[PDB]
Every structure is written in structure tokens, then in C-alpha cells.
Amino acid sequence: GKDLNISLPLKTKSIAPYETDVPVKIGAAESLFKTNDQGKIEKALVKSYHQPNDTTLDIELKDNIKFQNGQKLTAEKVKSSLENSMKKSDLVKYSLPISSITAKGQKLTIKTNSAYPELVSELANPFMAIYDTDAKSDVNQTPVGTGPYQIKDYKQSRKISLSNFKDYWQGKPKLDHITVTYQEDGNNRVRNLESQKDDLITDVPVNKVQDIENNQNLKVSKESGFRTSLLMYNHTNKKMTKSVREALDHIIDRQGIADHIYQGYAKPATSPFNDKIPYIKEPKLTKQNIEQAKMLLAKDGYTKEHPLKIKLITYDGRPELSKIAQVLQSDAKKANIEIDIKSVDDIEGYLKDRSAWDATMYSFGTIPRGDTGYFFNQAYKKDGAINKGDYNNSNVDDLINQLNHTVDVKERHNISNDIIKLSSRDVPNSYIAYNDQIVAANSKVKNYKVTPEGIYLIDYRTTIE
């Protein structure tokens, strides 16, 4: 009828909004702020805000908003949501250095101990989406949000069932039901779309785009966006020396990968951040050099007779990652490295054991809200939530800490470029490609989001005709 089936990669365990951006993606939850289609930060649930000094954020909430269970969105509900999310999530906690929150009616006041200009931007983070902390259901299974579709049932790691929330504050949502199912294999997602088992899929493998394009019942949408694929190193393993990271950095053929593996739907990467961001000063592009890799590896004493052995993790959800792993393995052998590839079903869980891997294929949304600070804090500081390999360098830390309280934007740019320059010397990770997000749908599905932040998908205007 007007039911929509969606097939996504990257199965979840908990679907608490502070554990995953999936509730925001599928239309169940909303943050106080959002980014619009051009990537700029906008008030979402907020009616008005002010910053009377650099440690004070005053917010007035819209007055016409309910949770999906009929409860009013008040300042007190927002206070308990943010406080709960900070308590339960390191990601949220390290992005929001809030010292206190007071609330009355629709107004709340958020304080920090020192200036943190990125605070408003991080309140647009989907992990900071607002839910009813007093709801009498398990937030890990059926969180209650303000979004147009309420989560009604969750089969853990498999399927989410959602229903139209008819009192949604922006307008009557246009679908009756949404069913979301997880499928890690990109080729199966496409087969599900072609056979009409699903209506909307993300992370289309680049080698299926033409097949979908030729189908008049289907359509493909692409967006260059801000997602970067990389090779992430485990810095807790002593064999992963700077010589080893540099060697592997030179075994990668970024240009070749962008052309033949991404078939032109990507650009070769240097830093974490897409070079289409105007103020970023990218480091020099590393070009494949097998001899140099062999040389560097000799420094640590590796040879054809006694090669470096590397356990490399990969996963199917981002479909090109394992294709890259395959060519890395093949090329690395020429440089006296024996790579064992292990593909896993739950990448985030697997990487938690730092004794179980030396490097991993990976992908992250490195600049979702227009500022580089989020990435540096979560990926390059010890215990940052996406720092899977525990990279940390006190000199980089110092610049990051200075960035965090820097208000002048031109100065933020300069410090950010200094962090890029200094950290690149360490090769904390090898950034491979800035790669487009590709979404495909039945041609009857209208008004889903494919925008550069790579987070949103469903909103109250998404429909079926």
C-alpha cells in the first residue's frame, strides 16, 4: 500500500539513539539541531537560541512537539535525554563537555566550563537525538522519539518495524508503515531491490549502478558527500611501527582504486577530509611505490624469507572495502608482506578486541557537520569513540585541545591544517578514497534524502506514488 521496505548494511545491536544513527536515518528520532541539504547547521526542535557568553547556551524549544507516545517535548525531557545519552555513551560524552543543564517550561540553559564553539554543531549529531527517558519500554529496542515514524518492533540485528506517527509536528507523515531489514552483502541488497522485496537500499556496489540505471522500474541517486574509506592501523600492536604504516601506505594505489574499484565514484584521498572542502590543506598524494615499501620494511628486518605477517579485517557493508583488501593482499606480497584477510559480520564488535587484528578496512563520516573537530576528538584522541586502533600523540593532542576552545573560524582552519600536517607524519591511518554515497530505489519512491552528511534518509515527506 503505502508501506516502504528499506534494506540497509551494518546491522545494529542496541538501537538506542546514543548507540547508532539508525533511528535518525529511518525517521524515528530527531536532534535539537540538524544540517540542511547544503550542510549548514539549522534549528530543528529548537525555536530560538542565544549565546550570551562563551560558556552559556540558552535554548527555547518549539511548543507544538510531542513524542510518539503523546508526551510533550519539554525542556525537562530534553535535559534528561541529553544527560542519559552522555552517561551511556562515550561518543556523546566526549562530544558534549556540558558542565550543567537547567530546564523550566520550554527553556533550557546549557553551560560548559570553558569555551566550546563546536557545542551547537554537536547537538545536531544523530547520536544526540532526543528520546523519552520516562517511556515504559526498553530504549535499546523501541526508543520513543519525536520523528515521523515510531519504532513498534525490533528483531535484534535483523529487522525494525515502524508505524506512521500521525501527530508528527511538521505535518502528517506520508507512509503507513516502514520495514527496515539488514543485509550486509551489497549484491544481495541490489537483488532484493530488483525483485521488489525491498523498495529502497543504500551503499549500492559501484559495479551494479549501470544495471540499476538501465532498469526503468528503478532509479539511482548519488552524492559525493563526506565519507572516507581507509586502512586503519592497530597502534597497540608493537609490530605496527611507523615504518610498517608507511610501507603499507605505499602499497596502496589510490589512483588505481578510485578509477577501477570505485569506477570513478570516488577521488583518491590524502587526509581524512574531502578536498572539496575549500580551506583544507591536503598533504601530498602518496603514489604506489612497491620498492620504497620493500625498503622501509627492511628497516624492521623483514625479507622474502621472513616476511611481515598482517591480519587485516574487512566487512561487506561498504561494498568496495573488501575489493580493496583483495588488491592490497596481492600487491603487498610483492613487498614481502603476507596479509591474511578476515571478513567479519559485526565490525564494531570485532575491533573491540585489540589483540585480534593488526589493521582493518574502515569507513567513516569524517566531517558531517562542517567542522573537523568532531573527527579529531573521536578518532585521534585516546578513548575517542572511533579511535579503534588507539592512535595518540601528545603533540597532536595539544593542537586538538587548542582547537576545541578556539572561536575565530580562520584560526580554527589554521589549527585544523596544522593537525592534518603533523598527524600525517605519523600515518595514523591510510586514507584511501573520498567516495560517493549511492542510493537506489523503486522509481515509485519519492523524497528520501541523499545529502552530503550521509546520515538522513527518511523524513515526513518521503512517500510512495
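Start at 1 and count along the sequence shown; that's the residue number.
When the two stretches 19-27 and 451-459 are set side by side, the higher mean Cα temperature factor goes to 451-459. Checked against the record, the higher mean CA B factor of 297-305 and 233-241 lies with 297-305. Reading the B-factor column for the CA atoms of 80, 228, 292, 150 in the entry, the top value corresponds to 292. Per the PDB record, 113 has a higher Cα B-factor than any other of 113, 360, 393, 387. In the deposited entry, the Cα temperature factor of residue 11 sits in the middle third of values across the chain's modelled residues. Sort the chain's modelled residues by C-alpha temperature factor and residue 279 lands in the highest third, per the entry. Ranked by Cα temperature factor within the chain, residue 412 sits in the middle third according to the deposited record. Among all modelled residues in this chain, the alpha-carbon of residue 342 has a temperature factor (C-alpha) in the lowest third.
Residue 223: CA B factor lies in the highest third for its chain, per the PDB record.
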